[PDB]
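Encoded as structure tokens, the structure appears first; notes follow it.
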Amino acid sequence: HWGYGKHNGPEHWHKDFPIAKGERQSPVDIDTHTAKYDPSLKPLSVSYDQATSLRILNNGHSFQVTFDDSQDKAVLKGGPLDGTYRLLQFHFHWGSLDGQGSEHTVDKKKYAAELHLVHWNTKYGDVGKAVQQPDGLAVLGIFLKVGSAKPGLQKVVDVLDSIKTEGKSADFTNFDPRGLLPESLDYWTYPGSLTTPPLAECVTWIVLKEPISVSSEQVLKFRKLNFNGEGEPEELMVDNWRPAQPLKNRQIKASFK
Ligand SMILES: [N]S(=O)(=O)[C][C][C][C+2]123B4[B@@]15[B@]16B7[B@]89B1[C+]651B5[B@]8([B@@]512)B7493
Ligand SMILES: [Zn+2]
Numbered sequence: 004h005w006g007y008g009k010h011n012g013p014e015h016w017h018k019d020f021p022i023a024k025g026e027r028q029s030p031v032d033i034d035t036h037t038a039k040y041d042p043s044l045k046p047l048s049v050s051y052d053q054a055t056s057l058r059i060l061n062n063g064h065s066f067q068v069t070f071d072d073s074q075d076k077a078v079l080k081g082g083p084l085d086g087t088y089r090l091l092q093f094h095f096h097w098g099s100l101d102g103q104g105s106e107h108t109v110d111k112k113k114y115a116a117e118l119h120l121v122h123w124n125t126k127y128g129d130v131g132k133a134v135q136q137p138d139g140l141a142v143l144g145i146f147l148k149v150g151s152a153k154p155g156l157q158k159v160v161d162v163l164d165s166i167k168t169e170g171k172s173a174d175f176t177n178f179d180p181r182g183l184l185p186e187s188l189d190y191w192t193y194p195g196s197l198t199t200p201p202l203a204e205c206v207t208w209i210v211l212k213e214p215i216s217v218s219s220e221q222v223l224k225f226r227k228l229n230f231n232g233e234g235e236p237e238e239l240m241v242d243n244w245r246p247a248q249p250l251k252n253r254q255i256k257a258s259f260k
């Protein structure tokens, strides 16, 4: 089964998922000087006031916080998008040390981690149908740098000891994802893919320019998670990021000058 190690990591994924070598794979390097400002792009609309978090889960590749997506309670609209996208979950990618961990890069710079808020287009009715469509998903990507603590992340950090190993989950109600967002919604956007198997080419990427700051103590708690199940040899959940993929025939657009 796939992972992030030497014998099952990103360089192997194309054998089970041949679209890994496709025309619109993610992540990519964002070359800031080449991205074109597009004055036709709209401000992004993030409407998270009625969000309902359900559970926190260690899936053996990241941890995720899952939301109720049975109604339009936490939705993304506007920006580059047509129609309405429901929040399903958020998760992170991070490194073994602070100089790597992000999936997207900015002028080849790697951040310590990257937050992904995963949304699906309501016009396809469920996420399984949405992944089969070129405009099925919108993923909001936010970079994390290490410095001051992010207060709105601490509730997440404090329960990670209860989901150490693959399989494990816990109740995680009343969590407000607005506390994870930077000041500015200035963004880059391009057509791409899921960054994990099945690597489906179904995502409109929206990558915020402004990182959030988290503390060293917060990120160290991410690095105590395990890729393994309880009882199996202990392998730290670190370096769970796919490297930048070829841009090929795509344009990255900027919402800002
Ligand atoms: N890094 S990423 O591109 O946000 C992929 C996150 C993982 C996903 B599998 B879990 B499963 B498959 B689609 B579906 C859900 B939707 B993403 B969430 B992909
Ligand atoms: Zn992701």
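Residue numbers (the authors' numbering): 4 to 260. The beta carbon of each residue, even a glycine, is placed where N, CA and C say it ideally should be.
Here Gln53 really is in contact with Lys76; their C-beta atoms are around 4 Å apart, less than 8 Å.
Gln221 and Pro249 have their C-alpha atoms roughly 32 Å apart. Per DSSP, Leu223 lies in no beta strand (DSSP E); the unbroken alpha helix (DSSP H) holding it starts and ends at 219-225.
When only Cα atoms are considered, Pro83 and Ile33 end up about 17 Å apart. For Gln157, the enclosing alpha helix (DSSP H) covers residues 157-160.
About 5 Å separates the beta carbon of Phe175 from that of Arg58, a gap short enough to meet the 8 Å contact definition. Cβ neighbours of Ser258 within its own chain (closer than 6 Å, five residues either side excluded): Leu44, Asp189, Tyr190. Taking 7 Å as the cut-off, the Cβ atoms of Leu90 and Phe70 count as close. If you ignore the 5 residues before and after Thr108, its C-beta comes within less than 6 Å of the C-beta of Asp32, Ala247, all in its own chain and listed in chain order.
Straight across, the Cα-Cα distance linking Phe146 with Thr35 is about 15 Å.
Here the alpha carbon of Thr168 sits roughly 15 Å from the alpha carbon of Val68.
Linking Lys9 to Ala173 through their CA atoms gives a straight-line distance of about 31 Å. Not one heavy atom of ligand 2 is found less than 6 Å from the C-beta of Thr176. For ligand 1, no non-hydrogen atom lies closer than 6 Å to the CB of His4. Comparing C-alpha distances from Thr207 to each of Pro46, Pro30, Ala141 shows the shortest one belongs to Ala141. With respect to the C-alpha of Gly63, the residue from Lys171, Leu197, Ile255 having the closest C-alpha is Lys171. DSSP lists no bridge partner for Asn243.
The beta-bridge partner set that DSSP reports for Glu117 consists of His96, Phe146.
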